[PDB]
Amino acid sequence: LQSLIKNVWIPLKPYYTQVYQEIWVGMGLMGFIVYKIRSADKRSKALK
Amino acid sequence: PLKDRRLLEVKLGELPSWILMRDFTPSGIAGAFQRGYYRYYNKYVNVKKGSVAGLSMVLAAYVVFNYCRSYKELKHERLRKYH
Amino acid sequence: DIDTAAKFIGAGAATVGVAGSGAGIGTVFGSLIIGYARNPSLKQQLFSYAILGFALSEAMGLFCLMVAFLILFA
Amino acid sequence: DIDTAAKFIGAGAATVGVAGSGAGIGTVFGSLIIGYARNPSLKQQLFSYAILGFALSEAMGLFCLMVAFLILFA
Amino acid sequence: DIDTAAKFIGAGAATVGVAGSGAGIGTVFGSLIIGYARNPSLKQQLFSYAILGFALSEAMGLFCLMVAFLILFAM
Amino acid sequence: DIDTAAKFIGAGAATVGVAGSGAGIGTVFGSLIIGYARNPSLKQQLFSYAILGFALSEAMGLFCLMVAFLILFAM
Amino acid sequence: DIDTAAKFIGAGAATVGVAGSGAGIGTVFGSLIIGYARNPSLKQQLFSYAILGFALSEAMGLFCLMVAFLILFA
Amino acid sequence: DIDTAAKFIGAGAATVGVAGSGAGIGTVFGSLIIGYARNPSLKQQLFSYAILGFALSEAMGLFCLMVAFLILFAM
Amino acid sequence: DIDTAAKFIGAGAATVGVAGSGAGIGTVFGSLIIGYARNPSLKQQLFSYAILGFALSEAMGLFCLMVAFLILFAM
Amino acid sequence: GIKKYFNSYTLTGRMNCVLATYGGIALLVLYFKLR
Amino acid sequence: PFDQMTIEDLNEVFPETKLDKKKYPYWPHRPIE
Amino acid sequence: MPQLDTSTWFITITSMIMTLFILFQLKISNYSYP
Amino acid sequence: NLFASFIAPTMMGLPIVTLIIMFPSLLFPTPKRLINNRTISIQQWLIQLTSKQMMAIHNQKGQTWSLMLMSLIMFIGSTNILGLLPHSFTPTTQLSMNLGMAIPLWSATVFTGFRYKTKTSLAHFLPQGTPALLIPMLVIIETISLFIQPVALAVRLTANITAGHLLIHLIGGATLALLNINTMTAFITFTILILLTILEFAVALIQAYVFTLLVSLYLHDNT
Amino acid sequence: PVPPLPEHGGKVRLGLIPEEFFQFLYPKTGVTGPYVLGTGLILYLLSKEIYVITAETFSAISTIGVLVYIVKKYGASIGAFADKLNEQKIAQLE
């Protein structure tokens, strides 16, 4: 994975730390919601 | 004078000789896809007057890919039954 | 019955082809206002034109409503 | 019959559109007023453009009425 | 038949989109009248955009109309 | 059958959302013919800002036609 | 089934909500044509004041289609 | 029961009272565009008299939405 | 009974009348915004005519809304 | 005064008013949830 | 020549074409004047 | 509406992410100035 | 019968659809020489241009998102074109992708707006010096039409795209069916199809601009 | 420290298929082998319905017609456009 990290963590570091702190939170919210909805439909079809 | 040659160079009798002299590990799979991409690139693209054919090929390839992907769902409307 | 309610609602629907004529009257009068307020001396002709436009829009609405009357008594 | 009801229902609902005629002619003769009131030397030209728009939108509405009718006498 | 009823009703109550055509027509011809009263020179270019609007509004008109005649009976 | 005619009716009703678009179309073309009649120079940007609104109206027109089909053919 | 045919009716009816949005969008961008032709030196602010309104007037029909979907599938 | 059927249909065809708000706000904001163009030093009072209008358009356009939600959940 | 059905239908239909109210109100405030944009020595009289127009349109919508509530809670 | 303590033009008064109304709507929803 | 060179070769020949990484750590490593 | 058979949402989302926030931020991060 | 093209594909029981999405990544290669071939010079110019145009208004802090916005718009402008082909898949019309691309951005903007400029961000809920008669009836509207942002921001694009594919499928089908009858109608509908095809080529980028512009100014506000 | 490029790479027939194919086939049939070869491949696909025809066919036809129109009308314009950008950077630096 060393080539991988040296291709996608040298340049892209100052972005994920300094700037994008606030989008990861949003992605966690996105995960929350998708979980909720998949659970709801799984429930409703488990019924039928 | 060489053990490994272009699969076109090698003969049918020594066919398995070529099949067994060559490697198969996924690293040796990336190290093949790369060679293909780069042959195409440095032969039809990285030239000072690249043309449509320098691009149209990959498009009309992706086309056939996504056509093959779909063959199953298309055997249900053949206009004629006995083909 | 079946034709009773049919004609009822057919007319209650065709009676809606009148709001456009209404708003048209309103807009033609707003335009008259502005035109006059630019050139206060051709009042007469501005008004002739406007009243004509009114005749026309009112005619269209009245036909759309005569439709409803005929539906009532088709 | 049920369909005999839908006949008149639709042949009536098929005239909701003349709203467009209303709004158009309104805006049309409004802009004509303003024209004659900003440059009186164009009277006949813009009168011709006005009768053009008049005919156009009136025809739209009246062929929609023909739709209504052909639905009536299906 | 009830499907016949709903077919005729769909045709009628979907043949209304003509309102877009009508309103846009009025508005465009009026804008012409005005822009012309101002400047009587560029009449050609102006009438060109005029025809553009004419047919481009009749466009959506005929869109709606062909959908009507699409689901009238033939579907 | 009854659900069929009901689909038909919902379709004939959803057809009508095109009028906003027809209007916006004629409206913006009038606005363009005007803003050119009194400034024939910057035609280019006027036309650009014409089609950029053209699109943002046809978008909703076709939203409506899309929902119509979505019902008619695929519930 | 009537109990769902009615859902079809309701959604097909509510579809038309976005006609007001069609209008408002066209209207705004025409007004922007004009107010850019008059004083071309403010394109910027006159664009920031247009798409704002675009957003508003689209939201207020997208809501209605969301409600039609809700009525259908819930 | 067809009771709930027409309850649904009524909510659905009553939430239509918002295209008003749509076109009203469109026109309002265009007028603001112009009346800012010809007078770029009244921005403030202009935006205030624009909001006064946007609000009392949105409110009376939203009462229909609220009526549908009400008539559906309770009556 | 189906009386409830037809009443809900007719009410949620009649409640369309507020579209015109929204549209009017919007056009009103737009015109006012202009008129003041050019001519700010009129604030008071302007605002007065403005409020009058607002009230007239809002009332020509309120009539239909109130009679809808009538048809629902009375008949 | 209060029309200078509930300003609508500066920053502060606007914030104070919006907060007042959020609080009020919260209290009313929690008073009506009982019913 | 030119075609035989790269961006680093320009770092080599012209240090004034250098897109410095301190005053503008981000992309495009300089403002949009 | 096959956009509602939720089975597949996880992969679609994750791949969108992987792309939008990795590859292009590599390619475009290399474009140059006049 | 025709929602098929939106069904998620897997030629077999394996996770393929994550390759329909990274394919565009290589119709936009990266340069290493100083000068390069055509296909790179063109896109390079294009991007310099579009940035210099859209990222003018933003302040200096807000000028850190150039990468994200232009990558967003490039990715989408690719996908929505490629999807045009005869038998290609549009990974956007999978509504989930649109939600997952919309929400985080909007939320993070709001969060930058409420982490800094707290009082002022709160203030944007009350337009300046409005009539003090109606405050609640306004700070309800602004705060409901805020949360409405991402929902529309996605759904617009989603359904806009979908409709075009569906309409072209249907028109071509009716084309064949009329060809069964007669000849000229087929040509009529074919020309119609050409027009539609161009219009889709157009919207497929109009919407990218819309998207990453909405976002740009949402950052302009809450920066 | 980098290598240059050719003037134009592998020439191509129909803008889609390379010619090297044709030459490789010259010894046996020379010229009119590949063309009938492809014609037969295609009449075969069509005959046995390995490729059924539907609306998407005509959609593809329209897109392709558009595309060829565009290129055959704008190609060299774009080519000189790009070479101009190149020479322009060269100069503006030089």
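Scope of this entry: the structure provided in the associated data block.

Quick notes on the rules
Residues numbered from 1 in each chain as written, not as in the entry; some residues may be left out. Chains lettered and ligands numbered in written order. Part of a larger assembly, values for the part shown. Heavy atoms only, no water. Residues with missing side-chain atoms left out of burial classes, pairs and counts. Helix = DSSP H or I, 4+ residues; strand = E, 2+ residues; numbered from the N terminus. Polar contact = N/O pair within 3.5 Å; in protein donor to acceptor, adjacent residues only side chain to side chain. Contact = heavy atoms within 4.5 Å. Expected span 1.5 Å × (residues − 1). Nonpolar A, V, L, I, M, F, W, Y, C, P; charged D, E, K, R; others polar. Axes fitted to C-alpha atoms, helices over the stretch in contact; angles between N-to-C directions. Parallel < 35°, antiparallel > 145°, perpendicular 65-115°, else oblique.

Turning our attention to the overall build of chain K. Scanning chain K for helices and strands turns up one helix and zero strands. Considering only C-alpha atoms, chain K reaches an extent of 30 × 15 × 15 Å along its principal axes.

A tally of helices and strands in chain B yields three helices and zero strands. Listing each helix as α and each strand as β along chain B from the N terminus yields α-α-α.

This next bit is on the side chain of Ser31(E). Counting through the fold element by element, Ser31(E) comes out in helix α2 (residues 18–38). Separated by 3.3 Å, the side chain of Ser31(E) and the backbone oxygen of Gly30(F) make a polar contact. With residues up to four places along the chain from it excluded, the contact list for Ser31(E) reads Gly30(F) and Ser31(F).

We now examine the arrangement of the chains. Where 16 pairs of chains are in contact, the pair with the most contacts is made of chains E and F. In this assembly chain A lies apart from chain J, the nearest approach of their C-alpha atoms being 23 Å. Regarding chain E and chain K, the two do not touch, and the least distance separating their C-alpha atoms is 37 Å.

Taking 1.5 Å of rise per residue, 21 residues should cover 30 Å, and helix α3 (residues 95–115) of chain M covers 30 Å from first to last C-alpha, within 8% of that figure. Positive backbone phi, approximately 65°, marks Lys117(M), located one or two places after α3(M).

The interface of chain F with chain E comprises 22 residues on the first partner and 20 residues on the second. Elements with a minimum of two residues in the side of chain F that touches chain E: α1 (2–14) and α2 (19–37) of chain F. No other element matches the 11 residues that α2(F) contributes to the side of chain F that touches chain E.

Attention now moves to the interface of chain G and chain F. Often, the extent of an interface is quoted as the loss of accessible area upon association of its parts. Listed per partner, the contact involves 16 residues of chain G and 16 residues of chain F. In terms of residue count, the dominant contributor to the side of chain G that touches chain F is helix α2 (residues 19–38) of chain G (eight residues). Residue classes in the side of chain G that touches chain F are distributed as 10 nonpolar, five polar and one charged.

Moving on, we come to unusual backbone geometry. Following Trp27(K), the chain continues into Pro28(K) via a peptide bond in cis, with omega recorded as 5°. With respect to the helices, strands and loops of the structure, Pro28(K) is situated in the segment after α1 (7–13). Even without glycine at this site, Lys117(M) takes up a positive phi of about 65°. Mapped onto the fold, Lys117(M) is located in the loop between α3 and α4 (118–123).

The next subject is the environment of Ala14(H). Mapped onto the elements of the fold, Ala14(H) is located in helix α1 (residues 2–14). For the pair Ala14(H) and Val67(H), spaced 53 residues apart in sequence, the C-alpha separation works out to 7.8 Å. Not counting the four nearest positions on each side in its chain, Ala14(H) is found in contact with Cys64(H) and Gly12(I).

Quick look at the packing of helix α3 (residues 43–72) of chain D against α2(E) now. Where α3(D) meets α2(E), the axes come as close as 9 Å, and the angle between the chain directions of the two elements is 175°. When the axes of α3(D) and α2(E) are compared, the pair comes out roughly antiparallel. Along the contact surface, α3(D) presents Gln45(D), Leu46(D), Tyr49(D), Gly53(D), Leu56(D) and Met60(D), while α2(E) presents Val18(E), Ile25(E), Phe29(E), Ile33(E) and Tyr36(E). Counted by class, the contact of α3(D) with α2(E) contains nine nonpolar, two polar and no charged residues.

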